[PDB]
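First comes the structure, then the notes that go with it.
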Amino acid sequence: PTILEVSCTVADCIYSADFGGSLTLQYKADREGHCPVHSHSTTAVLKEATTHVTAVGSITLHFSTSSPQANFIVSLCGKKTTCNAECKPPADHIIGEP
Amino acid sequence: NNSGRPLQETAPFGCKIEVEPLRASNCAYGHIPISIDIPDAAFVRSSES
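Written out as structure tokens, the structure is:
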């Protein structure tokens, strides 16, 4: 599968040790199938690794980052979109996961 | 004979007054700071929601 167009929209992201960030991707694809998803930014990472894409659709992925801002590059099946949002400081000072 | 009017007819903020024990009930005044450590099992993942 390959996508003709894709878009990103990140909402209420929290920089945290856990996957405190959530973002929505929208895309237009030539065909359905399992596309890989990755965060090319060295300071952000997505929980989901792959998603079954559709000729058109949108998928929401969980992500985590240390950066106070969500200005990270996301890639779906190799295409890229610049996500960006002001992530808020985490609500709980301590968490049970590195 | 000269008791005036009881507090049940005179307390402000709409306080109802109950006896035994003396207390003000359903009174409406100011704001209550509230904090609630809701059980996180009650949330649903943003991706599943």
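Chains as they are written, first to last, in the authors' numbering: chain J, 294 to 391; chain A, 245 to 293.
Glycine included, every Cβ here is placed at the ideal spot set by N, Cα and C.
Buried or exposed: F312/J, going by 16 or more other Cβ atoms within 10 Å of its Cβ?
-> Residue mapping note: residue 312/J aligns to position 19 of the first sequence, counting from 1. Buried.
Rounded C-beta distance between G314/J and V303/J? I'm assuming under 8 Å.
-> The residue given as residue 314/J occupies position 21 in the first sequence. The residue given as residue 303/J occupies position 10 in the first sequence. Between the beta-carbon of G314/J and that of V303/J there is about 7 Å, and that keeps the pair under the 8 Å contact cut.
Nearest-angstrom Cα distance between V263/A and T254/A?
-> In the second sequence, the residue the question calls residue 263/A occupies position 19. In the second sequence, the residue the question calls residue 254/A occupies position 10. Roughly 15 Å separates the two Cα atoms.
Excluding the 5 residues preceding and the 5 following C328/J in the sequence, name in chain order all residues of the same chain whose CB lies nearer than 7 Å to its CB.
-> Against the first sequence, residue 328/J aligns to sequence position 35. Same-chain partners within the cutoff: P294, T343, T344, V346, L369, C370.
The segment 265-286 of chain A: which residues have C-beta closer than 7 Å to a C-beta of chain J, in chain order?
-> From the segment 265-286 of chain A, no residue has a Cβ closer than 7 Å to chain J.
Could you tell me if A363/J is buried or exposed, where buried requires 16 or more neighbouring beta carbons within 10 angstroms of its beta carbon?
-> As a first step, residue 363/J must be located in the first sequence, where it is residue number 70. Buried.
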